[PDB]
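First, one chain by itself: the form deposited in one PDB entry, in structure tokens.
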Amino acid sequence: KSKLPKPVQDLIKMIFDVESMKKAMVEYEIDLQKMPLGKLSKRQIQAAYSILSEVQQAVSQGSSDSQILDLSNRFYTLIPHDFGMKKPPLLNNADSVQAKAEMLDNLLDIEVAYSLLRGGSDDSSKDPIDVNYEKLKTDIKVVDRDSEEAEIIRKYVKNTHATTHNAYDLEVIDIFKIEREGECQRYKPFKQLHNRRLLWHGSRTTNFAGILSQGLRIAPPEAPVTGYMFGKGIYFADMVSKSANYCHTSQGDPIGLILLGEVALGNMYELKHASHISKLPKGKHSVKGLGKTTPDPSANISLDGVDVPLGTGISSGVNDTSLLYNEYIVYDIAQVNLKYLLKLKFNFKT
């Protein structure tokens, strides 16, 4: 029987929950009778993505109604959808392409999770949970509840939970010290480069199988740039509440997963308003979206030479900005080193 601790075993159960993969698809209005979990492949999802780029150029080239109608059919043939009595929305507007590209992004993540869970060498001797743990190529360890690094993490959660995000209440169940294979050796050329910060990253439970097995990825240059507030890069926050909104949780499923990563920011490009470009000026290594509220810099500590902005939310003094809270963006995967993984309970205030 399994040699992993119960929180780690329950974590594997979350990451590889077939019902949560199915639940996510039904939300995206995919017909499960026509498109089951087993029948979806990376070949057809990547083929549906190529059709979206054909839709993109058709709009730009002002193609006929027939060309637009063909592509909509081509797409809905590869990715069947259940709208019931409702007519399928035509792929013509830039927001339609944006919506379907965001759906295909999350659906490719579900495929990677299912391909891993089903695939691999079938051995009688080893435990299923122990085999699935191996597939992630990540070292997962339970952080002691009354340790100093646990208290730093709990203070970071308590202090950086904003007042505007008064919809829920965050509670830490377990803290996991994660170590992705080769991520450290890859991070090494940035490992001493100034302004390294411990930042938050919230995502859907379904994405976590791919995040641990591949690491936070930068969007394909094929995808539309419109949806990216600060271009195609890896986004983070210094406020837990901002990142926790990306966990995609409800009263039904109040358990979510969030990350803490060592982000080598370097010389940041401070921006007040959105720029969909992913190209930085000379000497700039990251982007700092200036928010109206920042954690008190006087309370900034240094856990293992990395800045932990665990201060209470105070006014930044930034005049005329679109952002309420700061967001940090890196345009190189090698600038990230995932250090922790948190299991949070959202206590939805009603």
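Between two forms, the rigid core is the largest collection of C-alphas that superpose within 1.5 Å. In case it trips you up, residue 1 is the first one in the sequence shown, and so on.
Unshown form deposited in another entry; subsequent notes refer to it.
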Listed 244, 211, 198, 91; moving between the shown form and the other one by 2 Å or more at the CA after core fit is just 91
By the 2 angstroms cut-off, has the C-alpha of residue 59 moved between the shown form and the other one once the rigid core is superposed?
yes
With both forms fitted on the core, check whether the Cα of residue 253 differs by 2 Å or more between the shown form and the other one.
no
Superposed on the rigid core, does the Cα of residue 283 end up 2 angstroms or more away between the shown form and the other one? no
